[PDB]
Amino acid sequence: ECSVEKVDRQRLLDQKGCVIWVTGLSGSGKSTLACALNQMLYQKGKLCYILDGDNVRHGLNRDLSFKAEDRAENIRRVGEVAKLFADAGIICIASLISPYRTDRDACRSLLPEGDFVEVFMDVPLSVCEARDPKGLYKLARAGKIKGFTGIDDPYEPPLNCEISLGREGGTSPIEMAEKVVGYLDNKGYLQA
């Protein structure tokens, strides 16, 4: 143990470290929400870092597939990394499909109460598939991708998340980010 503590890092950054865990089907707007939130927090002088499922999967998790056991390990490792970022005082935004409740719950358990903010992109499959920005649903339908979440692999929504976004429609990435920032501000995470 070193003399420099988490509260020292928070004092330096004037914010509190935490994990914003963004979960949802492909196409539910996780990544655009993460980017909008990051931009908004940056402009307020707060330091964020995004752990994106796809990106981490080309580095730390390059060894993992999409078999259920590998998704569990993917989520577990991201959870541990996010905890480290939080301990460093960073507002860490994890954005992964993260389809299994038990695995997201395990990530929550790694952190002190209040430090893990589960954010659900509450968007139905039909809307996600109509967007299909990356053509993944198209690929899954054409049979190229087996066991695609929402098609032939399960997504289990959060039963008690802190924030639920996107259900209404005609709500923008920026408006949704504003809701998250408002929540963080009220919970006291935006000042030491």
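Each residue number is its position in the shown sequence, starting from 1.
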**OP:** For the higher mean C-alpha B factor in the entry, choose 164-172 or 19-27.
**Re:** 164-172
**OP:** With reference to the PDB entry, specify whether the mean Cα temperature factor is higher for 99-107 or for 83-91.
**Re:** 99-107
Subject >> Member of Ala140, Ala36, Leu47, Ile50 with the greatest C-alpha B factor (per the PDB record) >> reply: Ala140
**OP:** Could you tell me which third, lowest, middle or highest, the C-alpha B-factor of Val119 occupies within its chain?
**Re:** lowest
**OP:** Consider only the C-alpha atoms of the modelled residues in this chain, order them by B-factor as the entry records it, and name the third containing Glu1: lowest, middle or highest.
**Re:** highest
**OP:** Could you look up the Cα B-factor of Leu41 in the entry and say which third of the chain it sits in: lowest, middle or highest?
**Re:** lowest
